[PDB]
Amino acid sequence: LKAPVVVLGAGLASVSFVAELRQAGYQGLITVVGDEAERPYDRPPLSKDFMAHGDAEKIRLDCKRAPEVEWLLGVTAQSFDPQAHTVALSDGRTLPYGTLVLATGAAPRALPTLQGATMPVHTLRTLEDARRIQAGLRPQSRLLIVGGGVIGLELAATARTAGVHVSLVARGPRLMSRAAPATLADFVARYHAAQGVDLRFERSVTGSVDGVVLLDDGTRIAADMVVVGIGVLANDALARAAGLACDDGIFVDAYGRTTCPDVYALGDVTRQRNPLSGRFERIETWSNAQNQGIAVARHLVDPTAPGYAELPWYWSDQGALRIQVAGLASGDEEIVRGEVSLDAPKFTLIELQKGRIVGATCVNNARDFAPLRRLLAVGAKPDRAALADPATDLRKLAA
């Protein structure tokens, strides 16, 4: 940890990192470069309460635990010179660094077939996106969502609640194909269909003509607006130009180190080891952004601290469904606690592999999620009869 510290990106990973540096005792310079001209803010409400109620001051991140930080907002880092230890800024200035931290996140993938579209086509990543989408969302408007991931599904629910007609097109046979058990994905499709969402599976957008979208089955969908939610690409251009190892994401170890000396990376921009699968993955969760940022900062200030070691997990609020998912989506067995029903959904899934818990899902059952994450952390092998038995208290079992 050499002063001064420069962080590129001012999202959740960056804020969490700089707050931890200060909390851990580092008092040297910290400068954060953020290309969006916005007080740092959290993204999950953009698909939900913000989309619905429109108050950005309710979604700002608290920078109080990060005192004495200069935030250069509305400024883009254009390049860095890892030999000179400098960063070049879009406003003409240069910053020196002892330690450089890349926390530039990821940007939505565009749909090549809609490139020359002449109807409103947005992605949903920023406050500016959400404001723009919000302003086109009249009741009885027709919204088409492309992609079956959680963001599109979160927006789908918010739109329906407002009285918007929603169609959703996904190229695969199921929703949430990334990091969700099949049982959950099937149920989530059932729920949204019952709420009026017109689901089209195994279809792709082939193009569009004057307010209508075309599909690979040769059919059409007309809509007042398309929101594309087909995943994101790491914002790793600076790393790539400077010679760091990247592949849709900057490779880092558990200390956040890149292959370039004195340059670290964290958050959505990184490809990192998933301790459960043992494979490198770009882990794009809110918990990762915060916890990896904290872990990397902690180890920078105190090198005796361990590397980042958390197992991955996320939540997704989709209307009446409060979904929580931890670990791997499947193993050699799934245990289902409770009934899987649209009549007051509440259930828990437990994925095991050779008797060890490797994943868990709670739907409207937050009480069980915390003890399951603890059991998951230690690779617990509880009695599967007890795990199934609804009499069993998961909290107590977690001892």
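Residue numbers run from 1 along the displayed sequence.
Annotation for 319 to 327 versus 113 to 121: the higher mean temperature factor (C-alpha) is found in 113 to 121. Mean C-alpha B-factor is higher over 377 to 385 than over the other stretch, the pair under comparison being 377 to 385 and 18 to 26. Going by the entry's values, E339 shows the largest Cα B-factor out of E70, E38, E339, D55. For the set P108, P173, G147, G249, the PDB entry puts the maximum C-alpha B factor at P173.
Ranked against the other modelled residues of its chain, the C-alpha B-factor of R298 as given in the entry falls in the middle third. For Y97, the recorded CA B-factor ranks within the lowest third of the chain. Only modelled residues enter the ranking.
Ranked by Cα temperature factor within the chain, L46 sits in the lowest third according to the deposited record.
Among the modelled residues of its chain, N365 has a C-alpha B-factor that falls in the highest third, as given in the PDB entry.
Placement of the Cα temperature factor of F201 within the chain: highest third of the modelled residues, per the deposited record.
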